[PDB]
Amino acid sequence: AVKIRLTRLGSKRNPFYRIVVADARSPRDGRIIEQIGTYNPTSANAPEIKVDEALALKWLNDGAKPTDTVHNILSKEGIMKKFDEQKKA
Amino acid sequence: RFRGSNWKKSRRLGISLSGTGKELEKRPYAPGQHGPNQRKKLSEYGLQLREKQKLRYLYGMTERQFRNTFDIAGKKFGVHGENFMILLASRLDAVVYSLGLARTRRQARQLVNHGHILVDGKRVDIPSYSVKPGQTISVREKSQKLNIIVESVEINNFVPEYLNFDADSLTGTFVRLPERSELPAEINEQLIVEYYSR
RNA sequence: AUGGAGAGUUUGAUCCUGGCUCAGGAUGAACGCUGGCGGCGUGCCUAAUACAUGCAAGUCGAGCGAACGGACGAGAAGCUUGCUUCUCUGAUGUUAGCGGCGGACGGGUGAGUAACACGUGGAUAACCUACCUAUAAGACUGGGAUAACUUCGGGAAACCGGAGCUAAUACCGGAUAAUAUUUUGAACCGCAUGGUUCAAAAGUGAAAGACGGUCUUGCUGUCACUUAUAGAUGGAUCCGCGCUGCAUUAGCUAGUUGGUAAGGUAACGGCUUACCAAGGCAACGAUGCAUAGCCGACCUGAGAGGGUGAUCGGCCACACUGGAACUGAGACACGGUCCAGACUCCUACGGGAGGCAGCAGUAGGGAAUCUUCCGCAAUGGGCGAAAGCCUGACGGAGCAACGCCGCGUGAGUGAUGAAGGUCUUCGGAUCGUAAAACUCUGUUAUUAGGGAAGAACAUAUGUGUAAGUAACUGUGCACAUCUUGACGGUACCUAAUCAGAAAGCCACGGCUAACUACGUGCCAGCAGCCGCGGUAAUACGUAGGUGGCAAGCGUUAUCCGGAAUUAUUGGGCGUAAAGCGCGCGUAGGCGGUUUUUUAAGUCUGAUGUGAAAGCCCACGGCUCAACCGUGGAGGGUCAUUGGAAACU
């Protein structure tokens, strides 16, 4: 259900993952909180964050949750820990 | 070309053009199966599908592969009298083994398909892919020297139009896509597709 | 809008109509000689056959009576001189379990599934939300029990039997700080039904452990605990369409036809009841029969646009059948009770249950499903700080012309004859400067290892920063200790390697282009429109070449080219595919209109604006490929805004 989904994709070893955190009751293939971007976060380049950065107000304030790697890359983006600064604001 | 080489087989090849031929002491008609006889490419049970060999193996690929190349002809869907023909006739079987490119065009695909060709770039081991601009179809810089590699200063340079070369290991250019300037005209833009279309 | 012969398309033949093997493609594909390699994509159709189960769903003493052992101190040595045989700590660990958990989903199937079952679009006055985010209370609590712990016999057995008994983050005896609670006057909306206005009386606990450096609590941070709010989230009720199709299925139905009062759904009802009309339903083929998980999916007719589920994706239903109840917030539960049922096994008879739709293979089969396959490596998520497992999710290992792909088959020069013979009242041309031997040479080809990238991601280290709690800190982590394959001492490379280590078809039949011949005399039999064959077979059988293309060769089921030979677009009906003994008739279809108003439709304005193998380009990798994906165009495609001729 609910952690940052590093979602399987592609042809034979083309794991073009997608930024997602699946629903609290849906599977990896099912419906979701919301699909936020089209990139493989395990890309050989980097985490390579391209998301709906403006959506940090909705899913973080309701439901969403990272897991141990992208909470870092989100707040060097100014999202995840920075939403704690927003909550303090 | 025609599944033949004019050093030994200029006969079933309507055009092979590698050597002296065999009209001198031999009869130049054919050894088999690709002379001018009743092969069905016409009013469709006629007498030109031996020249379907002049159509098919001219650009190398065999049928169901040349069939791939003709839908590639239909891909450039501009003027299908010319925009189909230009890229249907835009490959290289003239960089390949025997006569002048360095000495690499004729007995075609023996040696230049090294697998270590080391083009300008990473690697493109197969000239079936129409070469790109800047991506020079070179040979292995570490095993470079051959009678087919650095002989372009003496035998013949200049593969077709907008597709040039160098001398140091024979680095291609392919600066622009090849038009019909130095590209062939043996594949009819009208009849050869009327075998397919109408 | 870009498509399009029919080898032919009847009679004696000239001609019309007609439908038509076939030859081309793809198909879950599959059937009849394995090749240079590799690569793709994929996956019990028959076998939704029984299923054996393994294993199939597991996470937390970081909750505690902690029991157990047992860390550590560990009297006395128990003396072939080294114990916790002792004090209390008794930590951490199954903890004895009591408890927080999920478990329908990662997993499976389409059995069933007539109607939102889903596709697919609406209105909702039809709202609730263990796990969850945020604003408001602290971390007051009964511990009876309760396995802790003890006690009582039986039967191989199944599994029970009597007697008592501690903790918890269990929960609960008694008061509490968050739209809490629904009344007095307080509004109108979608009449019904909402709108909170009022004043909150009414919410009321607790989960404190492990506890950081210390203030051992600040907020007990953690990750577990009580109270309004919304919301993620999902589901949620009311309308149209496919919500079924079908009379050699027609007349359908009876608190019926679904408001009022009682009851109840977060919502709302004949859902049952005191009343309502026989009404209501109708060849809108209701009734009933058949059927059903639904969409894309593909192929494709010129465009029109469509048939398309195997897979493959999405969206329903079921998980030994069934039936009652329990339940987890929701369960009838892929791996929950009682069960009938059914069989299975056991039986030592006293009775007990089992329980393949996870995923492999087991009997089986098939043309088809691999392999009772690999491991969690990575990613994934449920519970869990930390950490863990499920992995049969995931990814991979094999499988393969099901369908291919690049390389595949590299050099012709000197005697035309250095040598080569289907068909002779042979001429030297001759499958042939081919050929021996190699002009040109060292790729694939095998190759032998330096080997190497990929191999980075994820923490792993306090130096210390941020949250920093009264402050350094446990986690994120600048350090940076350098990890990482379900794959690679192989790739890249030396070139090692040499003219090396890699090509068949019907026929040699008019159309089948593959040559004429012989045993061949309508015989054998090749045999596709049609044949041939009868002492002159080209053809049966055979042949050196030999033909159309090559990993090549011909077929098998599906659609369409073929052939709009399937018709608004793109059929006619005398004969031909078809025009009624007949006429007479209601609804109707259409019957002649002449004027005039609306903007409802008659290439929406312009944009947020668009499903894949499928609306334009850019891409990267693809030995080319095999095949994969990516961004813009997001469209120029719906919604949203428009009002107005010369029809209505």
# chains A, B, ... in the order shown; residues from 1 in each chain; ligands from 1
>>> interface_residues(of="chain A", to="chain C", cutoff="10 Å", atoms="only C-alpha atoms (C1' of nucleotides)", output="number ranges by chain")
A: 1-17, 22-34, 38-39, 41-47, 58-65, 68-69, 71-72, 81, 84, 87
>>> write_last_selection(atoms="C-alpha atoms", output="PDB file, in the first residue's frame")
ATOM      1  CA  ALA A   1       0.000   0.000   0.000  1.00  0.00           C
ATOM      2  CA  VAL A   2       1.644   3.194   1.298  1.00  0.00           C
ATOM      3  CA  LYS A   3       5.309   3.964   0.925  1.00  0.00           C
ATOM      4  CA  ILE A   4       7.092   5.708  -1.953  1.00  0.00           C
ATOM      5  CA  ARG A   5       6.555   3.221  -4.755  1.00  0.00           C
ATOM      6  CA  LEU A   6       9.603   2.501  -6.905  1.00  0.00           C
ATOM      7  CA  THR A   7       7.408   0.941  -9.516  1.00  0.00           C
ATOM      8  CA  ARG A   8       8.413  -1.762 -11.981  1.00  0.00           C
ATOM      9  CA  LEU A   9       8.348  -0.795 -15.663  1.00  0.00           C
ATOM     10  CA  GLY A  10       9.565  -1.557 -19.158  1.00  0.00           C
ATOM     11  CA  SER A  11      10.906  -4.327 -21.361  1.00  0.00           C
ATOM     12  CA  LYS A  12      13.733  -6.765 -20.513  1.00  0.00           C
ATOM     13  CA  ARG A  13      15.761  -4.739 -18.003  1.00  0.00           C
ATOM     14  CA  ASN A  14      14.234  -1.360 -18.771  1.00  0.00           C
ATOM     15  CA  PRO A  15      13.137  -0.561 -15.184  1.00  0.00           C
ATOM     16  CA  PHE A  16      11.935   2.934 -16.047  1.00  0.00           C
ATOM     17  CA  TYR A  17      10.387   3.485 -12.637  1.00  0.00           C
ATOM     18  CA  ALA A  22       0.529   3.850  -3.998  1.00  0.00           C
ATOM     19  CA  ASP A  23      -2.793   4.136  -2.187  1.00  0.00           C
ATOM     20  CA  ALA A  24      -3.223   2.983   1.404  1.00  0.00           C
ATOM     21  CA  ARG A  25      -5.502   0.200   0.069  1.00  0.00           C
ATOM     22  CA  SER A  26      -4.383  -0.274  -3.608  1.00  0.00           C
ATOM     23  CA  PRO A  27      -1.490  -2.365  -4.983  1.00  0.00           C
ATOM     24  CA  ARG A  28       1.629  -1.427  -6.945  1.00  0.00           C
ATOM     25  CA  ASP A  29      -0.429  -1.800 -10.141  1.00  0.00           C
ATOM     26  CA  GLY A  30      -3.623  -0.227  -8.789  1.00  0.00           C
ATOM     27  CA  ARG A  31      -4.892   3.255  -8.120  1.00  0.00           C
ATOM     28  CA  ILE A  32      -2.773   5.654  -6.106  1.00  0.00           C
ATOM     29  CA  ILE A  33      -2.592   8.846  -4.102  1.00  0.00           C
ATOM     30  CA  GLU A  34      -1.449  10.618  -7.276  1.00  0.00           C
ATOM     31  CA  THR A  38       7.679  10.474 -15.163  1.00  0.00           C
ATOM     32  CA  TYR A  39      11.201   9.448 -14.187  1.00  0.00           C
ATOM     33  CA  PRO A  41      14.234   7.426  -9.374  1.00  0.00           C
ATOM     34  CA  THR A  42      16.878   4.673  -9.620  1.00  0.00           C
ATOM     35  CA  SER A  43      18.256   6.244 -12.801  1.00  0.00           C
ATOM     36  CA  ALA A  44      21.964   5.778 -13.481  1.00  0.00           C
ATOM     37  CA  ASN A  45      22.208   9.580 -13.616  1.00  0.00           C
ATOM     38  CA  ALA A  46      20.788  10.415 -10.178  1.00  0.00           C
ATOM     39  CA  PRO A  47      17.570  10.278  -8.185  1.00  0.00           C
ATOM     40  CA  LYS A  58      -1.895  18.163  -0.689  1.00  0.00           C
ATOM     41  CA  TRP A  59      -0.488  14.642  -0.453  1.00  0.00           C
ATOM     42  CA  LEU A  60       2.036  15.488   2.259  1.00  0.00           C
ATOM     43  CA  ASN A  61      -0.671  17.260   4.245  1.00  0.00           C
ATOM     44  CA  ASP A  62      -2.929  14.260   3.458  1.00  0.00           C
ATOM     45  CA  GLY A  63      -1.619  10.716   3.240  1.00  0.00           C
ATOM     46  CA  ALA A  64       1.647  10.516   1.314  1.00  0.00           C
ATOM     47  CA  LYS A  65       4.908   9.214   2.751  1.00  0.00           C
ATOM     48  CA  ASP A  68      14.487   6.696   3.627  1.00  0.00           C
ATOM     49  CA  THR A  69      16.046   7.918   0.335  1.00  0.00           C
ATOM     50  CA  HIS A  71      12.851  12.408   1.862  1.00  0.00           C
ATOM     51  CA  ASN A  72      16.445  13.588   1.402  1.00  0.00           C
ATOM     52  CA  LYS A  81      11.530  18.361   5.260  1.00  0.00           C
ATOM     53  CA  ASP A  84       7.960  20.719   7.999  1.00  0.00           C
ATOM     54  CA  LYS A  87       3.919  23.463   8.812  1.00  0.00           C
TER      55      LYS A  87
END
>>> residues_around(residues="residue B:35", least_positions_apart="3", cutoff="8 Å", atoms="only C-alpha atoms (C1' of nucleotides)", output="CSV table (one decimal) with C-alpha atoms, in the first residue's frame")
chain,number,residue,atom,x,y,z
B,11,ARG,CA,26.1,-13.4,-65.6
B,12,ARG,CA,23.1,-13.9,-63.4
B,13,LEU,CA,23.9,-10.5,-62.0
B,14,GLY,CA,22.2,-8.0,-64.2
B,29,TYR,CA,24.0,-15.4,-69.6
B,30,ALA,CA,23.8,-16.9,-66.1
B,32,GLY,CA,21.3,-20.2,-62.7
B,50,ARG,CA,14.4,-11.9,-61.8
>>> residues_around(residues="residue B:73", least_positions_apart="4", cutoff="9 Å", atoms="only C-alpha atoms (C1' of nucleotides)", output="short mmCIF file (atom, residue, chain, number, x, y, z; two decimals) with C-alpha atoms, in the first residue's frame")
data_model
loop_
_atom_site.label_atom_id
_atom_site.label_comp_id
_atom_site.auth_asym_id
_atom_site.auth_seq_id
_atom_site.Cartn_x
_atom_site.Cartn_y
_atom_site.Cartn_z
CA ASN B 68 11.08 -4.04 -44.11
CA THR B 69 12.90 -1.51 -46.28
CA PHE B 77 5.11 9.59 -46.43
CA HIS B 80 5.58 8.54 -52.49
CA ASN B 83 10.08 10.48 -50.85
CA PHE B 84 9.65 6.71 -50.78
CA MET B 85 12.54 6.14 -53.18
CA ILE B 86 15.16 8.41 -51.63
CA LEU B 87 15.38 6.58 -48.28
CA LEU B 88 14.65 3.21 -49.86
CA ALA B 89 17.89 3.85 -51.80
#
>>> interface_residues(of="chain C", to="chain B", cutoff="6 Å", atoms="only C-alpha atoms (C1' of nucleotides)", output="list in words")
residues 410, 416, 443, 513, 547 and 624 of chain C
>>> write_last_selection(atoms="C-alpha atoms (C1' of nucleotides)", output="PDB file, in the first residue's frame")
ATOM      1  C1'   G C 410      35.013 -13.808 -48.257  1.00  0.00           C
ATOM      2  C1'   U C 416      37.886 -21.551 -74.445  1.00  0.00           C
ATOM      3  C1'   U C 443      35.165  -9.298 -39.320  1.00  0.00           C
ATOM      4  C1'   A C 513       9.881 -19.737 -65.262  1.00  0.00           C
ATOM      5  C1'   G C 547      13.662 -21.982 -59.660  1.00  0.00           C
ATOM      6  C1'   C C 624      20.503  -3.503 -38.457  1.00  0.00           C
TER       7        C C 624
END
>>> residues_around(residues="residue C:455", least_positions_apart="3", cutoff="10 Å", atoms="only C-alpha atoms (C1' of nucleotides)", output="PDB file with N, CA and C atoms (P, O5', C5', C4', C3', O3' and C1' of nucleotides), in the first residue's frame")
ATOM      1  P     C C 482      37.175   0.461   3.181  1.00  0.00           P
ATOM      2  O5'   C C 482      35.872   0.195   2.304  1.00  0.00           O
ATOM      3  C5'   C C 482      35.560   1.008   1.177  1.00  0.00           C
ATOM      4  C4'   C C 482      34.469   0.383   0.342  1.00  0.00           C
ATOM      5  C3'   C C 482      34.828   0.086  -1.113  1.00  0.00           C
ATOM      6  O3'   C C 482      34.113  -1.080  -1.525  1.00  0.00           O
ATOM      7  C1'   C C 482      33.020   1.595  -1.049  1.00  0.00           C
ATOM      8  P     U C 483      34.400  -1.790  -2.939  1.00  0.00           P
ATOM      9  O5'   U C 483      33.014  -2.486  -3.310  1.00  0.00           O
ATOM     10  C5'   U C 483      31.764  -1.965  -2.856  1.00  0.00           C
ATOM     11  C4'   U C 483      31.068  -2.935  -1.928  1.00  0.00           C
ATOM     12  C3'   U C 483      29.862  -3.660  -2.522  1.00  0.00           C
ATOM     13  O3'   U C 483      29.795  -4.989  -2.015  1.00  0.00           O
ATOM     14  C1'   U C 483      29.182  -2.424  -0.624  1.00  0.00           C
ATOM     15  P     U C 484      29.976  -6.230  -3.019  1.00  0.00           P
ATOM     16  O5'   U C 484      28.701  -6.135  -3.968  1.00  0.00           O
ATOM     17  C5'   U C 484      27.410  -6.509  -3.504  1.00  0.00           C
ATOM     18  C4'   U C 484      26.318  -6.042  -4.435  1.00  0.00           C
ATOM     19  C3'   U C 484      26.643  -6.059  -5.924  1.00  0.00           C
ATOM     20  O3'   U C 484      26.494  -7.337  -6.509  1.00  0.00           O
ATOM     21  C1'   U C 484      25.702  -3.972  -5.353  1.00  0.00           C
ATOM     22  P     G C 485      27.731  -8.007  -7.283  1.00  0.00           P
ATOM     23  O5'   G C 485      27.073  -9.228  -8.067  1.00  0.00           O
ATOM     24  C5'   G C 485      26.532 -10.337  -7.356  1.00  0.00           C
ATOM     25  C4'   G C 485      25.033 -10.431  -7.509  1.00  0.00           C
ATOM     26  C3'   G C 485      24.540 -11.059  -8.813  1.00  0.00           C
ATOM     27  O3'   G C 485      23.355 -11.814  -8.572  1.00  0.00           O
ATOM     28  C1'   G C 485      23.735  -8.836  -8.643  1.00  0.00           C
TER      29        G C 485
END
>>> select_by_dssp(residues="chain A", states="strand (DSSP E or B)", output="MDAnalysis selection string")
chainID A and resid 4:6 19:22 32
>>> write_last_selection(atoms="C-alpha atoms", output="mmCIF file, in the first residue's frame")
data_model
loop_
_atom_site.group_PDB
_atom_site.id
_atom_site.type_symbol
_atom_site.label_atom_id
_atom_site.label_comp_id
_atom_site.auth_asym_id
_atom_site.auth_seq_id
_atom_site.Cartn_x
_atom_site.Cartn_y
_atom_site.Cartn_z
ATOM 1 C CA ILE A 4 7.092 5.708 -1.953
ATOM 2 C CA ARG A 5 6.555 3.221 -4.755
ATOM 3 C CA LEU A 6 9.603 2.501 -6.905
ATOM 4 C CA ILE A 19 7.705 8.608 -8.753
ATOM 5 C CA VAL A 20 4.638 7.331 -6.887
ATOM 6 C CA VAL A 21 3.339 6.339 -3.467
ATOM 7 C CA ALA A 22 0.529 3.850 -3.998
ATOM 8 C CA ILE A 32 -2.773 5.654 -6.106
#
>>> atom_distance(atom1="atom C1' of residue C:519", atom2="atom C1' of residue C:541")
8.1 Å
>>> closest_residue(among="C:156, C:386, C:177, C:515", to="residue C:545", atoms="only C-alpha atoms (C1' of nucleotides)")
C:515
